[PDB]
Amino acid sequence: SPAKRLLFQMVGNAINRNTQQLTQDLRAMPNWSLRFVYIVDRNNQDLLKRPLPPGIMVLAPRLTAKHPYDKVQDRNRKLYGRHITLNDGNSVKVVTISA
């Protein structure tokens, strides 16, 4: 639920940003908080090219233009996810992970 509030604030920021700007503001976040957020592009790559922890790729395929939001329990963790399209036209999936 901290994870859900992180998704919320992140999506709130990201929707007004382009790919390059969202990449740099993701990079500018502190390391301890990055372990909880991934932003996955149309190539199923994290915007900082980090390897995706398992579970991210159970949730990501579900996140769609028609059904943008979903939550999953995986490996004693809640993952929360949201598909958005940036002002670029590029689509990304912001995914956050708990404790």
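The first residue of the shown sequence is 1; numbering continues from there.
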Stretch with the greater mean C-alpha B-factor as recorded in the entry, comparing 88-96 against 3-11
3-11
As the entry reports it, the stretch among 24-32 and 49-57 with higher mean C-alpha B factor is 24-32
Third of the chain, ranked by Cα B-factor, where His83 sits
lowest
Taking the chain's C-alpha temperature factors as the reference, tell me which third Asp74 falls into: lowest, middle or highest.
highest
